[PDB]
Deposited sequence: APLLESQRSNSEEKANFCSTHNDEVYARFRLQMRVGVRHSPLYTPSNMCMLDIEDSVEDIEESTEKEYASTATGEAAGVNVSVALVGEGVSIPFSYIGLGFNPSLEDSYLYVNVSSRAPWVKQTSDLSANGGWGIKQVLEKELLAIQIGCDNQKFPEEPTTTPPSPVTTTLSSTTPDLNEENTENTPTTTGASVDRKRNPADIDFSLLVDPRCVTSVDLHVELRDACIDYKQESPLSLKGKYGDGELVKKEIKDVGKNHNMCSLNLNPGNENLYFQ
């Protein structure tokens, strides 16, 4: 990439975080689910003050609803902002059991500068390794039914979720131009490599919707 290489060469002593999530959710519908192409997407950043701490709590939250399912991905840091810039969904609108695909990515540093987590003797890196939380939640809309490791919580409503498979990474943005980096976290649930492959070729047979935030 043209923008990328210039950045990573001109910023070789720094570390910029880059979060990427690829998730596949097995979907089932209530008998009264009406097929819909509707897609809802959102990205929200929040800041909370901690009591005994001097460090503010920063959250970025990406949400998507399609196919009767609503997804929530929250990345929370103590003193460190990693904001989402992108959420994409791949979904089948029909009643049939299908897979819902979710991409979530954080802002690339070359587009708009995130914080150098290597500053002050890698203070930012220590905060991420020690404090960062990932909370993924998955629910069923208003459907009515008949009556190194990233530290991540996965919370799902099983009435509409038959399976979850995900790969998630939080890594040095420019790790391709480095032999090593102190920032390299990874997470799996189920077949993470599989979803990382599949999700690149679902536009052929799925509705696709996405939200990309204003760069700059």
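What the model leaves out of the deposited chain are the segments 1 to 10, 158 to 200, 270 to 276.
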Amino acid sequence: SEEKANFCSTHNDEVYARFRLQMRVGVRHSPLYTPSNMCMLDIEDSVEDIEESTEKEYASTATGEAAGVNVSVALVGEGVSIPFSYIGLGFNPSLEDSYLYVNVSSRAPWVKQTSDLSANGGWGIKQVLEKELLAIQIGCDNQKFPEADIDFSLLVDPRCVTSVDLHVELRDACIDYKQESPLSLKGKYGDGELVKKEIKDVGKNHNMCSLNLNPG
From here on, numbers count along this sequence of modelled residues.
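Of the two segments examined, 80 to 88 and 94 to 102, it is 94 to 102 that shows the higher average Cα temperature factor in the deposited entry.
Just going by the entry, 18 to 26 versus 189 to 197 on mean CA temperature factor gives the higher value to 189 to 197. Looking only at 175, 40, 59, 154, the residue with the top Cα B factor in the deposited structure is 175. The top Cα temperature factor in the record, among 164, 148, 69, 32, falls on 148.
Residue 121: CA B factor lies in the highest third for its chain, per the PDB record. Looking at the C-alpha B-factors along this chain, the one for residue 129 belongs to the middle third.
Among the modelled residues of its chain, residue 214 has a C-alpha B-factor that falls in the middle third, as given in the PDB entry.
When the CA B factors of the chain's modelled residues are split into thirds, the value for residue 142 lands in the middle one. Residue 51 sits in the highest third of its chain by CA B factor, as recorded in the PDB entry.
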